[PDB]
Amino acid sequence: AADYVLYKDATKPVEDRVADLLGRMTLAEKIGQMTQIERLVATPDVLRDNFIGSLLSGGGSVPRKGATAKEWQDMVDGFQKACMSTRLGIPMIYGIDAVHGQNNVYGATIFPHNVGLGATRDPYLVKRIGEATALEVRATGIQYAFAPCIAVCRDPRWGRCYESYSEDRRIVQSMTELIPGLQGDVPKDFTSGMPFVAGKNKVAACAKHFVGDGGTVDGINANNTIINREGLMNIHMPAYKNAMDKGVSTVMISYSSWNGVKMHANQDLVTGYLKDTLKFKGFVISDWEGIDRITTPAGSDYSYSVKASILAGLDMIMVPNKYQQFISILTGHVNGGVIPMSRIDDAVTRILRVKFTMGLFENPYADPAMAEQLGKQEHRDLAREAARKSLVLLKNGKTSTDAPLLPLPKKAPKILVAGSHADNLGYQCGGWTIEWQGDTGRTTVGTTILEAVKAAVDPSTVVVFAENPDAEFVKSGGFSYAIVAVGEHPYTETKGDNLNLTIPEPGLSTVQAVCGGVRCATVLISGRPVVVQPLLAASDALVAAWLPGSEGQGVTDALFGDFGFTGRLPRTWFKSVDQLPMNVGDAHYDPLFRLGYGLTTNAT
């Protein structure tokens, strides 16, 4: 008709649609695209009136506890309907931290955290996990995942070290395969730096956090990374170029500083390097109150935060609450000439480029036939395979002449499963699982270590559970062997920053009591290397299981010899925290276990 609007015509080239829509937009409509808000402050009027571009769920931001996939779809579609009702009918994009599966959602498959995936040295397995995670995120109506974290964690005292595949940038680079899993494979022609998402069964990805998040002093989270440019480029930057080659749609900026310059205010790196040198053409998003945190105290000159960030080259702001103040301030700056219209139009071009490329104008709403992808058994099988491949066997016998303890026999008259982490699903998942910080106990659907033991063993095997048994209990029990599981409690971000890296009690004391009475395999649950010589000295066998997720059977698959141990350390294991930082390749390199170490077993 001559009611035709070029931007709404799905047969037209993305760039022509972007230009067409951009040319029609008011300032308010443009700045609205640049604003991401929390679901917690969203309403239909707020979305319509402020022309909002994006919404997110932060860690723990859910419609309710226990919500079904359908509840999520209906929430997301309620917000979209309001956005589609604007004058221009620009669909919002909804983001979430789906960083080891669709991990805020009850019943979602929970994969091993990144450090364990690094142990697999299996980029294809990580691609398959991206694929499955895309399906589980679209199950809930969500179109955008804030992953992967491509930090290169150079000191395990950092609370986010588990979100890093490896201290070795080459392993992190290999694991950028998550990207084309989440988003689809890019076409043969593809230009490096262009955004890509295949369509409605994939999600937009986010390479985070740009750049040097893993390089901070003493592993202090969100702190300063002191390193010359050569080292920034040799260690922290290279996986970002792999991400551009694979069409990553967005990039999130780090809270951290580089030689004292806040990343959220770094024009040279965000615009000079990422955009102008790597030729990134997707959108750049802030972290959560990242612009606020440019100043100290945070939020003490929000006007400056806005100016600095948007001049630096950020495109979309994760406000996420004070939207009215953000929009008002940015509007003032453009009205005054402080921020030119060229900058606004660039940010909006990039946001719209991602939205059109990914099909969001053609499929703004959820597909209810996708809901049943959540927690699907084929995905649990994949997570079980990833958990097993992530395990690193550190010791299997106290002397070189002992019978190797693992693999254990499935038939025995009576066995003991013990420890604070043997029957606790939340501990085995760690942080970013249902809550931001994670949680304790049966927080979602899965199989604990105890549960997996009872599922694996011969029917005649009697399984006894005791969380913290004393030495007498064990010696009197008539046990053939024991499986004892201990380690770190869940943590995320600054909460996990830890200068001592010693596991909480009772952990060691239980291992001591158990191993002192019966031959024992110790399963260590952690986000990183921790002080381990005492646990080793007590144990016949010891496994570094990292944070393996919902599928505890991956642990028993290897314990009982269904598969051999194959994982290798993706990080150095230190002897003492006084050595840190200490990485493969330094001068004073004196590891307990070097990067790449891992004992093997043969199946059956």
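Numbering starts at 1 and runs along the sequence shown.
Enquirer: Taking only the CA atoms, which stretch has the higher mean B-factor in the record, 187-195 or 277-285?
Expert: Per the PDB entry, the higher value belongs to 187-195.
Enquirer: If you average the CA temperature factors as listed in the entry, which stretch comes out higher, 19-27 or 580-588?
Expert: Mean C-alpha B-factor is greater for 580-588.
Enquirer: Which one, 76, 227, 525, 105, has the peak C-alpha temperature factor per the PDB entry?
Expert: Highest CA B-factor of the listed options: 227.
Enquirer: Residue 49's Cα B-factor: lowest, middle or highest third of the chain?
Expert: Highest third, going by the recorded CA B-factors of the chain.
Enquirer: What third of its chain's C-alpha B-factors does residue 65 belong to: lowest, middle or highest?
Expert: Highest third.
Enquirer: By the record's CA B-factor, is residue 506 among the lowest, middle or highest third of residues in the chain?
Expert: Its C-alpha B-factor belongs to the highest third of this chain's values.
Enquirer: Using the B-factor values recorded in the entry, state whether the Cα atom of residue 575 falls in the lowest, middle or highest third among the modelled residues of its chain.
Expert: As the PDB entry reports it, the C-alpha B-factor of residue 575 lands in the highest third of its chain.
Enquirer: Which third of the chain holds residue 555 when residues are ordered by C-alpha B factor: lowest, middle or highest?
Expert: Residue 555: CA B-factor falls in the lowest third of its chain.
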